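The block underneath contains the structure these notes are about, expressed in C-alpha coordinates.
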Amino acid sequence: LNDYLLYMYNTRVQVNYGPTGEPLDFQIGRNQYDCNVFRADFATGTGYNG
Amino acid sequence: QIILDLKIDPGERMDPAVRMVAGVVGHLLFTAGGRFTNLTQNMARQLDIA
(Lines give C-alpha, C1' and ligand atoms only; values in the text may rest on other atoms or scores of the structure.)
Protein backbone atom coordinates (compact mmCIF):
# COMPACT_ATOMS: atom_id res chain seq x y z
CA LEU A 1 0.00 0.00 0.00
CA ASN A 2 2.87 2.38 0.77
CA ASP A 3 4.47 1.61 -2.60
CA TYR A 4 1.16 2.21 -4.39
CA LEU A 5 0.61 5.52 -2.59
CA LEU A 6 4.14 6.84 -3.16
CA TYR A 7 4.19 5.97 -6.89
CA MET A 8 2.60 8.74 -8.96
CA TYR A 9 1.86 8.67 -12.69
CA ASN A 10 0.36 12.19 -12.58
CA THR A 11 1.59 15.54 -11.27
CA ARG A 12 3.19 15.03 -7.87
CA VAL A 13 1.48 16.27 -4.73
CA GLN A 14 3.31 17.31 -1.58
CA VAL A 15 4.15 14.78 1.14
CA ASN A 16 5.56 15.24 4.66
CA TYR A 17 7.55 12.38 6.16
CA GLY A 18 7.57 11.48 9.83
CA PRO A 19 10.46 10.77 12.19
CA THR A 20 10.42 6.97 12.00
CA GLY A 21 11.13 4.89 8.92
CA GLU A 22 8.05 2.71 9.27
CA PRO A 23 5.85 2.24 6.18
CA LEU A 24 2.82 4.50 5.66
CA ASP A 25 4.35 6.99 8.15
CA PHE A 26 3.64 10.22 6.23
CA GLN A 27 1.03 12.87 5.50
CA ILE A 28 -0.06 13.23 1.88
CA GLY A 29 -2.17 15.75 -0.02
CA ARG A 30 -3.09 19.40 0.29
CA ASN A 31 -5.38 18.74 3.27
CA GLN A 32 -2.72 16.59 5.01
CA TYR A 33 -4.50 13.26 5.44
CA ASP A 34 -2.76 11.08 8.03
CA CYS A 35 -1.79 7.60 6.81
CA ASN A 36 -0.57 6.25 10.17
CA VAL A 37 -4.00 4.70 10.78
CA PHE A 38 -3.56 2.19 7.94
CA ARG A 39 -0.55 0.43 9.48
CA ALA A 40 -1.52 -2.91 11.00
CA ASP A 41 -2.18 -3.03 14.74
CA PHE A 42 -3.73 -6.24 16.04
CA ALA A 43 -4.82 -4.73 19.36
CA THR A 44 -7.56 -2.61 17.76
CA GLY A 45 -7.56 -3.51 14.05
CA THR A 46 -6.84 0.04 12.94
CA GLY A 47 -6.20 -0.46 9.23
CA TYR A 48 -8.53 -3.28 8.19
CA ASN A 49 -12.17 -4.30 8.51
CA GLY A 50 -13.55 -4.13 12.01
CA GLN B 1 -22.58 16.53 -17.96
CA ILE B 2 -19.42 15.53 -19.87
CA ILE B 3 -15.86 16.55 -18.98
CA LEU B 4 -12.57 15.36 -20.43
CA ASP B 5 -9.04 14.55 -19.30
CA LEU B 6 -5.66 13.94 -20.90
CA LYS B 7 -4.19 10.50 -21.55
CA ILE B 8 -1.33 9.02 -19.52
CA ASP B 9 0.51 7.53 -22.50
CA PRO B 10 4.27 8.23 -22.34
CA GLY B 11 6.14 9.32 -25.42
CA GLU B 12 4.16 12.26 -26.80
CA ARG B 13 4.15 13.98 -23.39
CA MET B 14 7.97 14.11 -23.40
CA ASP B 15 7.81 15.86 -26.77
CA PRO B 16 8.16 19.60 -26.00
CA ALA B 17 6.67 21.15 -29.14
CA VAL B 18 3.34 19.30 -28.92
CA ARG B 19 3.09 20.08 -25.21
CA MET B 20 3.72 23.80 -25.74
CA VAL B 21 1.29 24.03 -28.67
CA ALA B 22 -1.42 22.25 -26.67
CA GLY B 23 -0.80 24.48 -23.65
CA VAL B 24 -1.20 27.58 -25.81
CA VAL B 25 -4.32 26.28 -27.58
CA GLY B 26 -6.19 24.93 -24.56
CA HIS B 27 -6.58 28.30 -22.84
CA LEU B 28 -8.51 29.54 -25.88
CA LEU B 29 -10.33 26.30 -26.73
CA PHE B 30 -12.03 25.41 -23.42
CA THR B 31 -13.99 27.04 -20.61
CA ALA B 32 -13.39 26.58 -16.87
CA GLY B 33 -15.31 29.57 -15.55
CA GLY B 34 -17.48 30.21 -12.52
CA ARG B 35 -20.68 28.82 -14.06
CA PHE B 36 -19.59 25.48 -15.54
CA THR B 37 -16.42 23.61 -16.45
CA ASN B 38 -15.30 21.38 -19.30
CA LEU B 39 -11.94 20.35 -17.81
CA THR B 40 -10.86 18.44 -14.74
CA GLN B 41 -8.50 20.18 -12.33
CA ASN B 42 -5.53 17.96 -13.23
CA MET B 43 -5.79 18.78 -16.94
CA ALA B 44 -6.00 22.50 -16.18
CA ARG B 45 -2.87 22.24 -14.03
CA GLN B 46 -1.06 20.36 -16.82
CA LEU B 47 -2.00 23.03 -19.37
CA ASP B 48 -0.82 25.75 -16.97
CA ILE B 49 2.54 23.97 -16.60
CA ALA B 50 2.77 23.65 -20.39
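Here, A, B, ... name the chains of the C-alpha coordinates in the order displayed, residue numbers run from 1 inside each chain, and ligands are numbered from 1 in the same displayed order.
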(request) Using only C-alpha atoms, find the residues of chain B whose closest atom to chain A is at most 9 Å away, then write them as a count of residues only. (result) 4
(message) Among chain B, which ones does DSSP assign to helix (DSSP H, G or I) (computed from the backbone)? Answer as JSON, numbers by chain.
(response) {"B": [16, 17, 18, 19, 20, 21, 22, 23, 24, 25, 26, 27, 28, 29, 41, 42, 43, 44, 45, 46, 47, 48, 49]}
Would you put the residues from that selection into a file with N, CA, C and O atoms, as a PDB file, in the first residue's frame?
ATOM      1  N   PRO B  16       8.419  18.234 -26.487  1.00  0.00           N
ATOM      2  CA  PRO B  16       8.162  19.597 -25.999  1.00  0.00           C
ATOM      3  C   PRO B  16       7.246  20.417 -26.894  1.00  0.00           C
ATOM      4  O   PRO B  16       6.411  21.176 -26.392  1.00  0.00           O
ATOM      5  N   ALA B  17       7.405  20.291 -28.214  1.00  0.00           N
ATOM      6  CA  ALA B  17       6.668  21.146 -29.142  1.00  0.00           C
ATOM      7  C   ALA B  17       5.166  20.901 -29.054  1.00  0.00           C
ATOM      8  O   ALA B  17       4.373  21.851 -29.002  1.00  0.00           O
ATOM      9  N   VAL B  18       4.760  19.630 -29.031  1.00  0.00           N
ATOM     10  CA  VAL B  18       3.342  19.297 -28.924  1.00  0.00           C
ATOM     11  C   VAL B  18       2.779  19.800 -27.602  1.00  0.00           C
ATOM     12  O   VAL B  18       1.673  20.355 -27.551  1.00  0.00           O
ATOM     13  N   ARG B  19       3.536  19.626 -26.518  1.00  0.00           N
ATOM     14  CA  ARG B  19       3.085  20.077 -25.206  1.00  0.00           C
ATOM     15  C   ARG B  19       2.887  21.588 -25.175  1.00  0.00           C
ATOM     16  O   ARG B  19       1.873  22.076 -24.665  1.00  0.00           O
ATOM     17  N   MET B  20       3.836  22.343 -25.733  1.00  0.00           N
ATOM     18  CA  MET B  20       3.720  23.798 -25.739  1.00  0.00           C
ATOM     19  C   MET B  20       2.559  24.264 -26.609  1.00  0.00           C
ATOM     20  O   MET B  20       1.809  25.171 -26.220  1.00  0.00           O
ATOM     21  N   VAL B  21       2.386  23.652 -27.784  1.00  0.00           N
ATOM     22  CA  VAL B  21       1.288  24.034 -28.668  1.00  0.00           C
ATOM     23  C   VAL B  21      -0.054  23.754 -28.000  1.00  0.00           C
ATOM     24  O   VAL B  21      -0.975  24.580 -28.042  1.00  0.00           O
ATOM     25  N   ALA B  22      -0.177  22.588 -27.359  1.00  0.00           N
ATOM     26  CA  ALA B  22      -1.418  22.249 -26.671  1.00  0.00           C
ATOM     27  C   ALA B  22      -1.678  23.187 -25.501  1.00  0.00           C
ATOM     28  O   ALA B  22      -2.824  23.586 -25.261  1.00  0.00           O
ATOM     29  N   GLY B  23      -0.630  23.546 -24.758  1.00  0.00           N
ATOM     30  CA  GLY B  23      -0.802  24.477 -23.655  1.00  0.00           C
ATOM     31  C   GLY B  23      -1.256  25.848 -24.115  1.00  0.00           C
ATOM     32  O   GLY B  23      -2.052  26.507 -23.442  1.00  0.00           O
ATOM     33  N   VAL B  24      -0.754  26.299 -25.266  1.00  0.00           N
ATOM     34  CA  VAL B  24      -1.199  27.580 -25.805  1.00  0.00           C
ATOM     35  C   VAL B  24      -2.646  27.489 -26.282  1.00  0.00           C
ATOM     36  O   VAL B  24      -3.455  28.391 -26.033  1.00  0.00           O
ATOM     37  N   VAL B  25      -2.999  26.396 -26.963  1.00  0.00           N
ATOM     38  CA  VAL B  25      -4.319  26.280 -27.580  1.00  0.00           C
ATOM     39  C   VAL B  25      -5.411  26.109 -26.527  1.00  0.00           C
ATOM     40  O   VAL B  25      -6.503  26.686 -26.646  1.00  0.00           O
ATOM     41  N   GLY B  26      -5.138  25.328 -25.478  1.00  0.00           N
ATOM     42  CA  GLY B  26      -6.194  24.934 -24.558  1.00  0.00           C
ATOM     43  C   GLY B  26      -6.820  26.097 -23.811  1.00  0.00           C
ATOM     44  O   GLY B  26      -8.009  26.064 -23.484  1.00  0.00           O
ATOM     45  N   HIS B  27      -6.032  27.134 -23.523  1.00  0.00           N
ATOM     46  CA  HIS B  27      -6.578  28.298 -22.835  1.00  0.00           C
ATOM     47  C   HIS B  27      -7.600  29.043 -23.681  1.00  0.00           C
ATOM     48  O   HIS B  27      -8.466  29.729 -23.127  1.00  0.00           O
ATOM     49  N   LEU B  28      -7.525  28.925 -25.005  1.00  0.00           N
ATOM     50  CA  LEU B  28      -8.510  29.539 -25.883  1.00  0.00           C
ATOM     51  C   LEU B  28      -9.601  28.575 -26.318  1.00  0.00           C
ATOM     52  O   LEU B  28     -10.675  29.025 -26.737  1.00  0.00           O
ATOM     53  N   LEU B  29      -9.359  27.269 -26.234  1.00  0.00           N
ATOM     54  CA  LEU B  29     -10.334  26.304 -26.730  1.00  0.00           C
ATOM     55  C   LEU B  29     -11.430  25.983 -25.719  1.00  0.00           C
ATOM     56  O   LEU B  29     -12.590  25.810 -26.107  1.00  0.00           O
ATOM     57  N   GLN B  41      -9.514  19.321 -12.922  1.00  0.00           N
ATOM     58  CA  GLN B  41      -8.496  20.181 -12.329  1.00  0.00           C
ATOM     59  C   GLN B  41      -7.091  19.766 -12.756  1.00  0.00           C
ATOM     60  O   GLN B  41      -6.224  20.619 -12.991  1.00  0.00           O
ATOM     61  N   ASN B  42      -6.849  18.457 -12.856  1.00  0.00           N
ATOM     62  CA  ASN B  42      -5.527  17.965 -13.233  1.00  0.00           C
ATOM     63  C   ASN B  42      -5.142  18.414 -14.637  1.00  0.00           C
ATOM     64  O   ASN B  42      -3.996  18.815 -14.876  1.00  0.00           O
ATOM     65  N   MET B  43      -6.087  18.354 -15.579  1.00  0.00           N
ATOM     66  CA  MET B  43      -5.792  18.777 -16.943  1.00  0.00           C
ATOM     67  C   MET B  43      -5.511  20.274 -17.004  1.00  0.00           C
ATOM     68  O   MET B  43      -4.616  20.717 -17.733  1.00  0.00           O
ATOM     69  N   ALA B  44      -6.257  21.069 -16.231  1.00  0.00           N
ATOM     70  CA  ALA B  44      -5.998  22.503 -16.180  1.00  0.00           C
ATOM     71  C   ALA B  44      -4.610  22.791 -15.622  1.00  0.00           C
ATOM     72  O   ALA B  44      -3.895  23.663 -16.133  1.00  0.00           O
ATOM     73  N   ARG B  45      -4.207  22.061 -14.579  1.00  0.00           N
ATOM     74  CA  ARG B  45      -2.866  22.237 -14.028  1.00  0.00           C
ATOM     75  C   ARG B  45      -1.796  21.860 -15.049  1.00  0.00           C
ATOM     76  O   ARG B  45      -0.770  22.544 -15.168  1.00  0.00           O
ATOM     77  N   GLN B  46      -2.021  20.774 -15.794  1.00  0.00           N
ATOM     78  CA  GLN B  46      -1.060  20.365 -16.815  1.00  0.00           C
ATOM     79  C   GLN B  46      -0.931  21.413 -17.916  1.00  0.00           C
ATOM     80  O   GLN B  46       0.181  21.713 -18.367  1.00  0.00           O
ATOM     81  N   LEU B  47      -2.056  21.979 -18.362  1.00  0.00           N
ATOM     82  CA  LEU B  47      -2.001  23.035 -19.371  1.00  0.00           C
ATOM     83  C   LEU B  47      -1.317  24.290 -18.840  1.00  0.00           C
ATOM     84  O   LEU B  47      -0.595  24.970 -19.580  1.00  0.00           O
ATOM     85  N   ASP B  48      -1.529  24.617 -17.562  1.00  0.00           N
ATOM     86  CA  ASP B  48      -0.816  25.748 -16.971  1.00  0.00           C
ATOM     87  C   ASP B  48       0.689  25.508 -16.956  1.00  0.00           C
ATOM     88  O   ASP B  48       1.472  26.413 -17.270  1.00  0.00           O
ATOM     89  N   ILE B  49       1.111  24.293 -16.597  1.00  0.00           N
ATOM     90  CA  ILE B  49       2.536  23.969 -16.601  1.00  0.00           C
ATOM     91  C   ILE B  49       3.098  24.047 -18.016  1.00  0.00           C
ATOM     92  O   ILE B  49       4.216  24.535 -18.234  1.00  0.00           O
TER      93      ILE B  49
END
(message) Which residues are near residue 31 of chain A? Cut-off 12 Å, only C-alpha atoms, ignore same chain within fewer than 4 positions. Put them as a ChimeraX atom specification.
(response) /A:13-16,27
Store the residues picked out above in a file with N, CA, C and O atoms, as a PDB file, in the first residue's frame.
ATOM      1  N   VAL A  13       2.012  15.465  -5.813  1.00  0.00           N
ATOM      2  CA  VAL A  13       1.484  16.266  -4.726  1.00  0.00           C
ATOM      3  C   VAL A  13       2.490  16.238  -3.585  1.00  0.00           C
ATOM      4  O   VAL A  13       3.374  15.379  -3.517  1.00  0.00           O
ATOM      5  N   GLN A  14       2.364  17.199  -2.675  1.00  0.00           N
ATOM      6  CA  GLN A  14       3.312  17.305  -1.577  1.00  0.00           C
ATOM      7  C   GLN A  14       3.101  16.184  -0.568  1.00  0.00           C
ATOM      8  O   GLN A  14       1.998  15.652  -0.413  1.00  0.00           O
ATOM      9  N   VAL A  15       4.181  15.818   0.116  1.00  0.00           N
ATOM     10  CA  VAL A  15       4.154  14.783   1.143  1.00  0.00           C
ATOM     11  C   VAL A  15       5.131  15.174   2.245  1.00  0.00           C
ATOM     12  O   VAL A  15       6.206  15.716   1.969  1.00  0.00           O
ATOM     13  N   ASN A  16       4.738  14.942   3.495  1.00  0.00           N
ATOM     14  CA  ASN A  16       5.563  15.243   4.659  1.00  0.00           C
ATOM     15  C   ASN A  16       5.863  13.937   5.382  1.00  0.00           C
ATOM     16  O   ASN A  16       4.942  13.235   5.815  1.00  0.00           O
ATOM     17  N   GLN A  27       2.249  12.139   5.802  1.00  0.00           N
ATOM     18  CA  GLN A  27       1.028  12.871   5.501  1.00  0.00           C
ATOM     19  C   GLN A  27       1.059  13.303   4.042  1.00  0.00           C
ATOM     20  O   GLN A  27       2.048  13.880   3.580  1.00  0.00           O
TER      21      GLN A  27
END
(request) Write out as an NGL selection string each polymer residue whose atoms come within 9 Å of residue 2 of chain A, counting only C-alpha atoms; drop sequence neighbours fewer than 6 positions from it. (result) :A and (23-25)
Could those selected residues go to a file with N, CA and C atoms, as a PDB file, in the first residue's frame?
ATOM      1  N   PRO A  23       6.687   2.000   7.364  1.00  0.00           N
ATOM      2  CA  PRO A  23       5.853   2.244   6.183  1.00  0.00           C
ATOM      3  C   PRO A  23       4.572   2.982   6.535  1.00  0.00           C
ATOM      4  N   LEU A  24       4.060   3.724   5.548  1.00  0.00           N
ATOM      5  CA  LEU A  24       2.821   4.498   5.665  1.00  0.00           C
ATOM      6  C   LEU A  24       2.903   5.565   6.754  1.00  0.00           C
ATOM      7  N   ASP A  25       4.136   5.953   7.104  1.00  0.00           N
ATOM      8  CA  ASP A  25       4.350   6.991   8.150  1.00  0.00           C
ATOM      9  C   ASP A  25       4.587   8.342   7.471  1.00  0.00           C
TER      10      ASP A  25
END
(request) Quote the spacing between atom CA of residue 33 of chain A and atom CA of residue 20 of chain A in Å to one decimal place. (result) 17.5 Å
(request) Pick out each residue of chain B that DSSP on the backbone tags as strand (DSSP E or B); I need them as a list in words. (result)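 Here is the list: residues 4, 32, 37 and 39 of chain B.
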(request) Go ahead and compute the interatomic distance for atom CA of residue 36 of chain A and atom CA of residue 4 of chain A, in Å to one decimal. (result) 15.2 Å
(message) Please report the interatomic distance between atom CA of residue 29 of chain A and atom CA of residue 5 of chain A in Å with one decimal.
(response)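 Computing it gives 10.9 Å between the two atoms.
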